[PDB]
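In what follows, a structure is listed as structure tokens, so that the remarks can point back to it.
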Amino acid sequence: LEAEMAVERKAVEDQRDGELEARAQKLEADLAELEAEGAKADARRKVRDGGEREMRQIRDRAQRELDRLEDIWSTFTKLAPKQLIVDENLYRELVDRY
């Protein structure tokens, strides 16, 4: 169970890396084209800020998923009789995963 949890964690990490690389490549290409066009750096900052916000948002979602898996594994490892799940959404996720 730990092994299958690890590999799927790598899979979600891999797709996250692919998305970040693609977005970063697009941001870098846009900046390079804008630099070649000799802009006043106002549009360079605007594009850079827009990309940075996108990078933060993607990483924010990635960590949301990462901690969701961490909570799932932690609950499973310490799962003891008479323990209570406050939220039904967590329980359905826990049973669906395992």
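Residue numbers start at 1 in each chain; chains themselves are named A, B, ... in the order of the structure tokens; ligands are numbered from 1 in the order shown.
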Would you give me, as a CSV table (one decimal) with C-alpha atoms, in the first residue's frame, the residues in chain A that DSSP reads as helix (DSSP H, G or I)?
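states20.csv written:
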chain,number,residue,atom,x,y,z
A,2,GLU,CA,2.9,2.4,0.7
A,3,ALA,CA,4.5,1.6,-2.6
A,4,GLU,CA,1.3,2.2,-4.7
A,5,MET,CA,0.8,5.4,-2.7
A,6,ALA,CA,4.3,6.5,-3.6
A,7,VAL,CA,4.1,5.8,-7.3
A,8,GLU,CA,0.8,7.6,-7.7
A,9,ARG,CA,2.3,10.5,-5.7
A,10,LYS,CA,5.1,10.6,-8.2
A,11,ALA,CA,2.5,10.5,-11.1
A,12,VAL,CA,0.7,13.6,-9.8
A,13,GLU,CA,4.0,15.3,-9.2
A,14,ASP,CA,5.1,14.4,-12.7
A,15,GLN,CA,2.0,15.9,-14.3
A,16,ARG,CA,2.5,19.0,-12.1
A,17,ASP,CA,6.0,19.3,-13.3
A,18,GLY,CA,4.9,19.0,-16.9
A,19,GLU,CA,2.4,21.8,-16.5
A,20,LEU,CA,4.8,24.1,-14.7
A,21,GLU,CA,7.5,23.5,-17.4
A,22,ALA,CA,5.0,24.2,-20.2
A,23,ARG,CA,3.8,27.4,-18.6
A,24,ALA,CA,7.3,28.5,-17.7
A,25,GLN,CA,8.4,27.9,-21.3
A,26,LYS,CA,5.5,30.0,-22.6
A,27,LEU,CA,6.3,32.7,-20.1
A,28,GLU,CA,10.0,32.7,-21.0
A,29,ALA,CA,9.2,32.7,-24.7
A,30,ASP,CA,6.8,35.7,-24.3
A,31,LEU,CA,9.4,37.6,-22.3
A,32,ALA,CA,12.2,36.9,-24.9
A,33,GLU,CA,9.9,38.0,-27.7
A,34,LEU,CA,9.0,41.1,-25.8
A,35,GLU,CA,12.6,41.8,-25.1
A,36,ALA,CA,13.4,41.5,-28.8
A,42,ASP,CA,6.1,47.7,-18.5
A,43,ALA,CA,4.6,44.8,-20.5
A,44,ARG,CA,7.5,42.6,-19.4
A,45,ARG,CA,6.6,43.1,-15.8
A,46,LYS,CA,2.9,42.6,-16.5
A,47,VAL,CA,3.6,39.3,-18.3
A,48,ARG,CA,6.0,38.2,-15.6
A,49,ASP,CA,3.6,39.1,-12.8
A,50,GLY,CA,0.7,37.3,-14.6
A,51,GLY,CA,2.8,34.2,-15.0
A,52,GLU,CA,4.1,34.3,-11.4
A,53,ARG,CA,0.5,34.4,-10.1
A,54,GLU,CA,-0.3,31.4,-12.4
A,55,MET,CA,2.7,29.5,-11.0
A,56,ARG,CA,1.7,30.2,-7.5
A,57,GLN,CA,-1.9,29.1,-8.2
A,58,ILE,CA,-0.8,25.9,-9.9
A,59,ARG,CA,1.6,25.1,-7.0
A,60,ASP,CA,-1.1,26.0,-4.5
A,61,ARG,CA,-3.4,23.4,-6.1
A,62,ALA,CA,-0.6,20.9,-6.2
A,63,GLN,CA,0.1,21.2,-2.5
A,64,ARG,CA,-3.6,21.0,-1.8
A,65,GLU,CA,-3.6,17.6,-3.5
A,66,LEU,CA,-0.3,16.7,-1.8
A,67,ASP,CA,-1.6,17.4,1.7
A,68,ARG,CA,-4.8,15.6,0.8
A,69,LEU,CA,-2.8,12.4,0.2
A,70,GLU,CA,-0.8,13.1,3.3
A,71,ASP,CA,-3.9,13.3,5.4
A,72,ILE,CA,-5.3,10.1,3.8
A,73,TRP,CA,-2.1,8.1,4.5
A,74,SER,CA,-1.7,9.6,8.1
A,75,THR,CA,-5.3,8.6,9.0
A,76,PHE,CA,-4.9,5.1,7.5
A,77,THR,CA,-1.7,4.4,9.4
A,78,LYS,CA,-3.1,5.5,12.8
A,88,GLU,CA,-18.3,12.8,5.4
A,89,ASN,CA,-16.3,14.1,2.5
A,90,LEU,CA,-13.1,12.8,4.1
A,91,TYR,CA,-14.7,9.4,4.8
A,92,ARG,CA,-15.9,9.0,1.2
A,93,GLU,CA,-12.4,9.9,0.0
A,94,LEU,CA,-10.8,7.5,2.5
A,95,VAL,CA,-13.0,4.6,1.5
A,96,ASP,CA,-12.8,5.3,-2.2
A,97,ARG,CA,-9.0,5.4,-2.0
